[PDB]
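In what follows, chains are A, B, ... by sequence order, proteins preceding strands, each numbered from 1. Computation of the quantities below employed the complete heavy-atom set of this structure, encompassing side-chain atoms and omitting hydrogens, waters and symmetry-equivalent molecules.
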Amino acid sequence: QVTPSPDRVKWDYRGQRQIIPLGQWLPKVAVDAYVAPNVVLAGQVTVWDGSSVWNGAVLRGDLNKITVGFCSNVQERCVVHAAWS
Amino acid sequence: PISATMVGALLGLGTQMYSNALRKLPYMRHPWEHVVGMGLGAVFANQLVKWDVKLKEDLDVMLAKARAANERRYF
Ligand SMILES: CCCCCCCCCCCCCCCCCCCC(=O)O[C@H](COC(=O)CCCCCCCCCCCCCC)COP(=O)(O)OCCN
């Protein structure tokens, strides 16, 4: 059976949060790195100096670390994920 | 011309920008701080010039006393 919840949010006025912490895993973005507004960074993500992440990209570090190095770019609609092993 | 106020204001503005750059921030990140820095630099440069004048004035008297003490030898 599919039993819905009356309280589930249909429209969230805040939109999707760009920075999704996961416990103590907080995405780290360098002050001189460009991250597009609608990008999602979750968990163990590090974005270093001079790098850029463009519109619609998703970087989900919930199983392992994700690192974008110096002056590197992850372009539009890329998905970057990782596994335990 | 090139007054102490202008040199000091330029140095204060440069100080704020250099500080922003060192922190990898945009040059004009907090512009009111640039205004504050220009004011402080102008004040500091003017005060330094006045202090230099006063320092030369005191050194003059002190060298005068040293010279008198030395000249007392040939009496
Ligand atoms: C006359 C031009 C220069 C006047 C400067 C202000 C008057 C002099 C008073 C001393 C000013 C010293 C510098 C103040 C800022 C120092 C560094 C503070 C930065 C900081 O980390 O804490 C912030 C507090 O904001 C702050 O500390 C700033 C709070 C509000 C001050 C900004 C308004 C300045 C008015 C300039 C002219 C206005 C014209 C109309 C009168 C929080 O940062 P945050 O979260 O708030 O955001 C920041 C977005 N990166």
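Taking hydrophobic clusters as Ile, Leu, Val, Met, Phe, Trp and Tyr residues chained together by side-chain heavy-atom distances below 4.5 Å, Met17(B) shares a cluster with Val35(B). Tracing side-chain contacts under 4.5 Å through hydrophobic residues (I, L, V, M, F, W, Y), one reaches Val45(A) starting from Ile19(A); they form part of the same cluster. Connection of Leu22(A) to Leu26(A) is not established within any shared hydrophobic cluster, with ILVMFWY side chains joined at heavy-atom distances below 4.5 Å, either directly or through further cluster members. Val40(A) and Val74(A) fall into different hydrophobic clusters, where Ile, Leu, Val, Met, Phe, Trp and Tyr are joined by side-chain heavy atoms under 4.5 Å apart, directly or via other members. Hydrophobic cluster membership is shared by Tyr27(B) and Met38(B), with clusters built from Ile, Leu, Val, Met, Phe, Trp and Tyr side chains linked at under 4.5 angstrom.
Heavy-atom neighbours of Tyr34(A) OH from other residues, nucleotides or ligands within 6.0 Å: above the threshold of 12. Crowding of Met28(B) atom CE: a count of heavy atoms from other residues, nucleotides or ligands under 6.0 Å exceeding 12. Within 6.0 Å of CG in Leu55(B) there are more than 12 heavy atoms belonging to other residues, nucleotides or ligands.
For the pair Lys65(A) and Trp25(A), the cation-pi test (distance below 6.0 Å, angle within 45°) is failed.
No donor-acceptor distance shorter than 3.5 angstrom exists from the side chain of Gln16(B) to the backbone of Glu33(B), with no hydrogens or angles considered. Between the side chain of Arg67(B) and the backbone N or O of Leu63(B) there is at least one donor-acceptor pair closer than 3.5 Å. Judged purely by atom type and a 3.5 angstrom limit, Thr15(B) uses its side chain to pair as donor or acceptor with the backbone of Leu11(B). Distance alone, capped at 3.5 Å, is enough to place a donor-acceptor pair between the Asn38(A) side chain and the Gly56(A) backbone. For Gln75(A) (side chain) and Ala57(A) (main-chain N/O), no donor-acceptor pair under 3.5 Å exists by modelled atom type.
Centroid-to-centroid, the aromatic rings of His34(B) and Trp32(B) stay 6.0 Å apart or farther.
A donor-acceptor contact under 3.5 angstrom links the side chains of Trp54(A) and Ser52(A), judged on distance only. Using a 3.5 Å distance cut-off with no hydrogens or angles, the side chains of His81(A) and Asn64(A) do not pair a donor with an acceptor.
Taking the side-chain hydrogen bond (donor to acceptor under 3.5 Å, both in side chains) definition, one finds that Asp58(B) meets it with nothing, sequence neighbours left out.
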Q.
Determine whether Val58(A) and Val39(A) satisfy the following criterion, side-chain contact (heavy atoms from CB on, under 4.5 Å), listing intermediate values before the conclusion.
A. CA-CA 6 Å; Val58(A) 176; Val39(A) 169; over 6 Å; no
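To the nearest 0.5 angstrom, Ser51(A) atom OG is 8.0 Å from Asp32(A) atom CG. Atoms CG and CD, on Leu41(A) and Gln18(A) in that order, are 5.5 Å from each other to the nearest 0.5 Å. Of the inter-residue distances, the one linking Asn46(B) atom CG with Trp51(B) atom CH2 reads 15.5 Å to the nearest 0.5 angstrom.
The pair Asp52(B)-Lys56(B) counts as a salt bridge, with a side-chain nitrogen and a carboxylate oxygen less than 4.0 angstrom apart.
When each of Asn73(A), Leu59(A), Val80(A) is paired with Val68(A), the side chain to side chain contact (heavy atoms under 4.5 Å, CB included) condition holds for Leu59(A) and for no other.
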